[PDB]
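Comments concern the structure below.
In the text below, chain A, chain B and the rest are named by the order of the sequence lines, each starting its count at 1.
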Amino acid sequence: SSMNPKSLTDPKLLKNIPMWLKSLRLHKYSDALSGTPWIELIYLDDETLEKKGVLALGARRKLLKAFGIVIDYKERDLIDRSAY
RNA sequence: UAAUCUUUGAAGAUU
């Protein structure tokens, strides 16, 4: 539901990672992840995500899935300019 | 989720 491209690429959320994470119910990783801007965040890997403090594999899997959706929309030039 | 928490992220727990 919040795991859809329309929701994941909302500029308001992309520009406020704690809130982006909250929508995915992943806000416990906000301290670990919020210092990285979205455009860098979506390209982190499983190994890096764990180094940063995403200790639950299920969480890293959900993160990587959401990231790849954003990437596809970024590649297709389908994220609003106001997110940049 | 009405809310909060857990990871397995579709479910479970608590109030």
The dot-bracket string of RNA chain B, counting Watson-Crick and G-U wobble pairs with both distances under 3.5 Å, using [ ] for crossing pairs and | for pairs to another strand, is .((((((..))))))

Looking at A:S23, is its backbone amide N or carbonyl O close enough to the side chain of A:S2 to form a donor-acceptor pair, meaning the two atoms are under 3.5 Å apart? yes

Residue pairs passing the side-chain hydrogen bond (donor to acceptor under 3.5 Å, both in side chains) test with at least one member in residues 75-84 of chain A, sequence neighbours excluded, are A:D72-A:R76, A:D80-A:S82

Rounded to the nearest 0.5 angstrom, the NZ-CG distance for A:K62 and A:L24 is 5.0 Å

Closest to the 5' end of RNA chain B, once A:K65 and A:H27 are matched to their nearest nucleotides, is A:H27

Pairs of donor and acceptor atoms involving the side chains of residues 26-34 of chain A, under 3.5 Å and at least two apart or interchain, shall be tabulated with distances.
{"unit_1": "A:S34", "atom_1": "OG", "unit_2": "A:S30", "atom_2": "O", "d": "3.0"}

- Query: Got a donor-acceptor contact below 3.5 angstrom from the A:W38 side chain to the A:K15 backbone?
  - Reply: no

* Asked: Side chains of A:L8 and A:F67: does their closest heavy-atom pair fall under 4.5 Å?
  -> no

Exercise. Between B:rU1 and B:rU6, how far apart are the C1' atoms? Round to whole Å, please.
Key: 14 Å

Protein N or O to nucleotides 6-9 of chain B N or O, pairs below 3.5 Å:
{"unit_1": "B:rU6", "atom_1": "OP1", "unit_2": "A:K28", "atom_2": "NZ", "d": "2.8"}
{"unit_1": "B:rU7", "atom_1": "OP2", "unit_2": "A:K28", "atom_2": "NZ", "d": "3.3"}
{"unit_1": "B:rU8", "atom_1": "OP2", "unit_2": "A:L57", "atom_2": "N", "d": "3.1"}
{"unit_1": "B:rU8", "atom_1": "OP2", "unit_2": "A:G58", "atom_2": "N", "d": "3.1"}
{"unit_1": "B:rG9", "atom_1": "OP2", "unit_2": "A:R61", "atom_2": "NH1", "d": "3.0"}
{"unit_1": "B:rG9", "atom_1": "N2", "unit_2": "A:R25", "atom_2": "O", "d": "3.2"}

> Taking C-beta and beyond as the side chain, do A:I17 and A:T36 meet within less than 4.5 Å on heavy atoms?
Replying inline: no

Check: Quick one: does A:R60's side chain have a donor or acceptor within less than 3.5 Å of a partner on A:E50's backbone?
Finding: no

